[PDB]
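What follows is a set of notes on a single structure, which appears directly below.
Here you go:
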């Protein structure tokens, strides 16, 4: 297995590991990943929460990149809050994992 909401259960543990270390870059990315999992399951409004909280922690770190990155995924979500998906081919893909 490895369902997105079940992956969140691990990412919340990983968030607590980020949080005890107080490393808001990691704390932001943790909630951001959770939000991506929500968004792909159709939990758009739940995705918003996690991208807002992720972004908020990036804003504290002054990492404007991750703040805009969470806001970009927020834009992806807000389109589905206005026109929920819509009958059309949205060119989606996997999360940018260029982590060597």
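Residue numbers (the authors' numbering): 1 to 100.
Cβ atoms here follow ideal geometry from the backbone N, Cα and C, with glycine treated the same way.
According to the DSSP assignment, residue 24 belongs to the alpha helix (DSSP H) that extends over 24 to 41. Apart from the 5 residues on each side of it in sequence, residue 97 has no Cβ closer than 7 Å to any other Cβ in its chain.
Only exposed fits residue 75, as fewer than 16 other CB atoms lie within 10 angstroms of its CB. DSSP places residue 46 in the helix class (H, G or I) of the three-state scheme. Residue environment for residue 12: exposed (fewer than 16 other C-beta atoms within 10 angstroms of its C-beta).
The alpha-carbon of residue 23 is positioned some 36 Å away from that of residue 83. Take the alpha-carbon of residue 26 and the one of residue 14: they are about 9 Å apart. When the Cα atoms are used, residue 35 and residue 85 turn out to be separated by approximately 17 Å.
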